[PDB]
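Visitor: Protein chains in written order, with PDB author numbering: chain A, 10 to 125; chain B, 10 to 125; chain B', 10 to 125; chain A', 10 to 125. A prime marks a further copy of an entry chain. The C-beta atom is built at its ideal place from N, Cα and C for all residues, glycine as well. Here's a structure for you.
Number of protein chains: 4
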Amino acid sequence: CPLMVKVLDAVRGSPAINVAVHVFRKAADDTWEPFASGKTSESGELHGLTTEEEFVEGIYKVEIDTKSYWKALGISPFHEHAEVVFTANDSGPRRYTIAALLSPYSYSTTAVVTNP
Amino acid sequence: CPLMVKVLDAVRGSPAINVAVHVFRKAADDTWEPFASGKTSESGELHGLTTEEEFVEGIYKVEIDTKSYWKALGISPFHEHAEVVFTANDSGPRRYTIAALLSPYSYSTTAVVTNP
Amino acid sequence: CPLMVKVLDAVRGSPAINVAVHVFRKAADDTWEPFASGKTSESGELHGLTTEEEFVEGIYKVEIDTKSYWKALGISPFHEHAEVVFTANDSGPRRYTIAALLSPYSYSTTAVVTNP
Amino acid sequence: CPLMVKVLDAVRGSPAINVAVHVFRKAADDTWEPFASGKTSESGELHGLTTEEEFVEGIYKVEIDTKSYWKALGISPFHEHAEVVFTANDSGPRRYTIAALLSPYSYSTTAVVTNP
Ligand SMILES: O=C(O)COc1cc(Cl)c(Cl)cc1Cl
Ligand SMILES: O=C(O)COc1cc(Cl)c(Cl)cc1Cl
Numbered sequence: 010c011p012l013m014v015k016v017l018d019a020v021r022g023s024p025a026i027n028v029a030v031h032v033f034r035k036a037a038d039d040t041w042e043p044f045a046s047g048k049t050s051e052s053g054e055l056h057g058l059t060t061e062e063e064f065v066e067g068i069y070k071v072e073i074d075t076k077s078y079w080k081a082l083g084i085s086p087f088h089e090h091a092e093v094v095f096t097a098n099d100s101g102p103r104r105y106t107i108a109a110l111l112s113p114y115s116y117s118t119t120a121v122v123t124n125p
Numbered sequence: 010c011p012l013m014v015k016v017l018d019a020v021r022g023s024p025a026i027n028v029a030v031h032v033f034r035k036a037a038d039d040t041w042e043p044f045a046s047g048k049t050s051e052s053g054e055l056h057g058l059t060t061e062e063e064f065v066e067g068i069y070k071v072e073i074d075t076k077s078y079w080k081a082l083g084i085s086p087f088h089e090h091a092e093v094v095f096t097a098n099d100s101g102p103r104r105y106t107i108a109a110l111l112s113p114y115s116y117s118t119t120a121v122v123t124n125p
Numbered sequence: 010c011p012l013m014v015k016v017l018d019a020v021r022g023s024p025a026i027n028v029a030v031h032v033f034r035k036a037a038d039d040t041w042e043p044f045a046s047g048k049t050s051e052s053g054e055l056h057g058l059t060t061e062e063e064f065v066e067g068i069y070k071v072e073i074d075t076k077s078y079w080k081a082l083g084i085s086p087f088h089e090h091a092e093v094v095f096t097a098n099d100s101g102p103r104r105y106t107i108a109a110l111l112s113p114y115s116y117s118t119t120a121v122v123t124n125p
Numbered sequence: 010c011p012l013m014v015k016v017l018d019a020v021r022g023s024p025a026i027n028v029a030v031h032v033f034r035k036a037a038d039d040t041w042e043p044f045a046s047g048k049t050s051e052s053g054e055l056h057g058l059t060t061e062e063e064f065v066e067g068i069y070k071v072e073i074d075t076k077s078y079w080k081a082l083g084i085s086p087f088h089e090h091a092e093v094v095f096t097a098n099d100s101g102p103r104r105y106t107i108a109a110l111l112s113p114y115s116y117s118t119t120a121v122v123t124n125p
């Protein structure tokens with residue numbers, strides 16, 4: 010699995026469950042082409058977005074739909090989403106974990122990049 | 010000052026100086042129209058982006074050029090930029106501060122929304 | 010002002026007001042001797058803790074009473090307090106700002122060390 | 010496993026390996042009694058600190074030896090350590106994950122608490 014997303018909820022001290030995630034890749038014409046999407050599991054993790062063959066070099070955007078998450082919990086948050094934009098696989102294939110820690114008016118994101 | 014941006018550097022424990030910041034407002038056709046921009050000061054702050062008259066309700070994007078910041082310091086970063094997307098609301102308090110804390114592979118952002 | 014503390018609330022997007030802060034200095038026998046204390050202001054800030062003459066090199070602990078803060082707001086928190094322990098160095102820049110961003114089950118802290 | 014610690018490095022985008030961790034528990038006399046210790050693995054994770062039988066109700070301190078970590082990488086950081094202090098098991102046994110994201114002048118910590 011070359012691209013995994015993990016989301017935590019800093020209000021409840023729990024995984025952030027059922028968070029929608031949309032991944033885009035910048036096309037030759039500089040538009041964002043949908044690439045993959047999914048939603049976090051009961052563990053806060055989203056696996057299976059893509060394959061090693063499909064996940065070529067490029068600029069990717071991982072959109073985490075934080076507003077939709079909070080509004081389901083009846084909470085009115087600040088951000089529309091949390092966006093993570095990065096160049097991937099420019100020195101060959103790597104495995105990426107994008108992590109995000111959510112609060113209503115804040116978020117933190119980090120990346121763990123490993124070479125298989 | 011309805012909108013201020015502050016950027017800090019978690020590697021050196023310092024303001025993040027001379028960071029380019031671009032602000033956009035979402036147009037009716039869902040594109041991002043340039044709205045304001047500047048470079049953070051010696052204190053990591055960017056003031057004077059807009060006025061009360063011009064800063065109407067709507068969705069805004071603040072794009073912080075973190076990659077150029079790290080590259081100018083000789084450091085290899087993960088993200089292309091940090092993006093903060095939010096809705097300005099007239100019901101809420103008047104003044105918005107968007108703060109960002111930068112590391113090479115991670116950033117945190119929060120919003121402080123206050124009244125005078 | 011050699012030492013300032015700033016506290017923000019990530020649930021409401023606001024300064025964290027009326028937070029008790031206690032500062033200690035490590036004594037030669039390795040105990041923590043009271044040094045300074047106060048409550049954050051309406052802006053989330055605590056100034057005037059010490060003077061240049063009194064703030065000599067050594068190890069200091071800043072203890073932010075986050076549990077009482079959340080309890081006064083009717084919210085159930087994880088931590089007893091947030092502790093920030095660091096060495097003051099005269100080689101480094103003069104002025105220390107300790108900032109903390111609070112959520113019920115998470116906090117972030119950074120140091121900004123600058124010269125005038 | 011009722012108490013697990015995970016540490017990430019925000020400069021390298023990697024697990025923080027070989028981080029020493031010391032856990033203490035407040036005694037009846039209000040001193041901190043050593044409780045358990047260990048060091049993070051190649052995954053940044055520390056398992057096996059304690060057992061369900063041993064991990065009774067109490068106030069615990071998880072000390073993460075961040076200064077020793079950075080100084081091994083030849084880096085001179087701000088904090089002496091990152092301390093996480095919390096009441097555990099006060100509504101019966103729970104499983105705790107303490108996570109920390111490290112930079113030289115900052116850290117973030119969160120807790121995930123689950124009911125088995
Ligand atoms: O917000 C401030 O003025 C200073 O303190 C902070 C700065 C940042 Cl960038 C973050 Cl994420 C949190 C705090 Cl408390
Ligand atoms: O889950 C981990 O990999 C470690 O804990 C964290 C989780 C999140 Cl979501 C974030 Cl943003 C940081 C850390 Cl250290």
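Just verifying my parser: in three-state terms, what is the DSSP assignment at B:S77?
Guide: It is helical.
Visitor: Is there contact here, the region 57-74 of chain A' with the region 37-51 of chain B, by at least three beta-carbon pairs under 8 Å?
Guide: Flag = no, the region 57-74 of chain A' and the region 37-51 of chain B do not touch.
Visitor: Starting from B:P24, find everything on chain B' with Cβ-Cβ shorter than 8 Å and list it in chain order.
Guide: What B:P24 touches in chain B': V121 and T123.
Visitor: Sort out for me which residues DSSP pairs A':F64 with in a bridge.
Guide: Bridge partners of A':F64: none, in fact.
Visitor: Hey, could you find the ends of the beta strand (DSSP E) residue 4 of chain A is sitting in?
Guide: There is no way to answer for residue 4 of chain A, as the model of chain A reaches only from 10 to 125.
Visitor: Does the Cβ-Cβ distance between A:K35 and A:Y78 come in under 9 Å?
Guide: Contact: no.
Visitor: Closer than 8 Å to a non-hydrogen atom of ligand 2 - does that hold for the CB of A':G22?
Guide: It does not: the Cβ of A':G22 is nowhere closer than 8 Å to a heavy atom of ligand 2.
Visitor: How long is the line joining the alpha carbons of A:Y114 and B:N27, rounded to whole angstroms?
Guide: Roughly 25 Å separates the two Cα atoms.
Visitor: Please report how far the alpha carbon of residue 141 of chain B lies from the alpha carbon of B:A109, in whole angstroms.
Guide: Within the shown structure, residues of chain B are numbered from 10 to 125, placing residue 141 of chain B beyond reach of any answer.
Visitor: Is B:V14 near B:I73, with beta carbons less than 9 Å apart?
Guide: Result yes, Cβ atoms of B:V14 and B:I73 sit closer than 9 Å.
Visitor: Could you give the C-beta distance for A':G22 and A:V122, rounded to a whole number, given that I count them as a contact under 8 Å?
Guide: At roughly 5 Å, the Cβ-Cβ gap stays under 8 Å, so A':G22 and A:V122 are in contact.
Visitor: Would the C-beta of A':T123 count as close to ligand 1, meaning under 8 Å from any of its heavy atoms?
Guide: Because no heavy atom of ligand 1 lies under 8 Å away, the Cβ of A':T123 does not count as near it: no.
Visitor: Can you check whether the C-beta of B':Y114 is within less than 9 Å of a C-beta belonging to chain A?
Guide: By this cut-off, B':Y114 is an interface position.
Visitor: Can you tell me the Cα-Cα spacing of A:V30 and A:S52, whole angstroms?
Guide: In a straight line, the C-alpha of A:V30 is about 15 Å away from that of A:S52.
Visitor: Looking at A:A108 and ligand 2, is the gap between the Cβ and the nearest heavy atom below 8 Å?
Guide: Yes, the beta carbon of A:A108 sits closer than 8 Å to at least one heavy atom of ligand 2.
Visitor: Give the residues of chain A in contact with B:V93, contact being defined as C-beta atoms less than 8 Å apart.
Guide: By Cβ distance, chain A contributes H88.
Visitor: According to the neighbour-count rule (16 or more other Cβ atoms, all chains shown, within 10 Å of its Cβ), is B':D18 buried or exposed?
Guide: Classification of B':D18: buried, given that the 10 Å Cβ count is 16 or more.
Visitor: Would you mind giving the Cβ-Cβ distance between A:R104 and A:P24, rounded to the nearest angstrom? I have them listed as a contact below 8 Å.
Guide: At roughly 21 Å, the Cβ-Cβ gap does not stay under 8 Å, so A:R104 and A:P24 are not in contact.
Visitor: For ligand 1, is there a heavy atom less than 8 Å away from the beta-carbon of B:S117?
Guide: It does: the Cβ of B:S117 is within 8 Å (strictly closer) of some heavy atom of ligand 1.
Visitor: Tell whether a beta-carbon distance below 9 Å holds between B:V65 and B:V93.
Guide: Result no, Cβ atoms of B:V65 and B:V93 do not sit closer than 9 Å.
Visitor: Helix, strand or coil for B:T96 per DSSP?
Guide: Strand, per DSSP.
Visitor: Got a sec: does ligand 2 put a non-hydrogen atom nearer than 8 Å to the Cβ of A':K15?
Guide: Yes, the Cβ of A':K15 comes within 8 Å of a heavy atom of ligand 2.
Visitor: Mind listing the chain B neighbours of A':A109? Cutoff is C-beta to C-beta under 8 Å, in chain order.
Guide: Neighbours of A':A109 on chain B: none; closest Cβ ~12 Å, over 8 Å.
Visitor: Is the distance from the Cβ of B:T96 to the Cβ of A:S112 below 9 Å?
Guide: No, the pair does not count as a contact, with Cβ atoms beyond the cut-off.
Visitor: Run through DSSP, which three-state label would B':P43 get?
Guide: Three-state result, B':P43: strand.
Visitor: Counting only Cβ pairs nearer than 7 Å, list the residues of chain B' close to A':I68.
Guide: Here the neighbours are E89.
Visitor: Helix, strand or coil for B':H31 per DSSP?
Guide: Three-state DSSP puts B':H31 in a strand.
Visitor: Hey, would you say B:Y116 sits closer than 9 Å to B:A91, going by beta carbons?
Guide: Contact flag set, yes.
Visitor: Pick out whichever of B':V16, B':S85, B':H88 and B':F87 has its Cα sitting closest to the Cα of B':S50.
Guide: Per the Cα distances, B':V16.
Visitor: Name, in chain order, the residues that DSSP records as bridge partners for A':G101.
Guide: DSSP, once it has assigned bridges, lists A':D99 as partnering A':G101.
Visitor: Which residues of the region 13-44 of chain A have a Cβ closer than 8 Å to any Cβ of chain A'? Give them in chain order.
Guide: Those residues of the region 13-44 of chain A that come within reach of chain A' (Cβ to Cβ, closer than 8 Å) are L17, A19, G22, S23 and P24.
Visitor: From A':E54 to A':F44, what distance separates their C-alpha atoms?
Guide: Each residue's Cα considered, the two are about 18 Å apart.
Visitor: Buried or exposed for A':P125, please, with buried defined as at least 16 other CB atoms from any protein chain shown within 10 angstroms of its CB.
Guide: Exposed: under 16 other Cβ atoms inside 10 Å.
Visitor: I want to verify the contact list: residues of chain A whose CB lies under 9 Å from the CB of A':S117, in sequence order.
Guide: Correct list: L110, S117 and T119.
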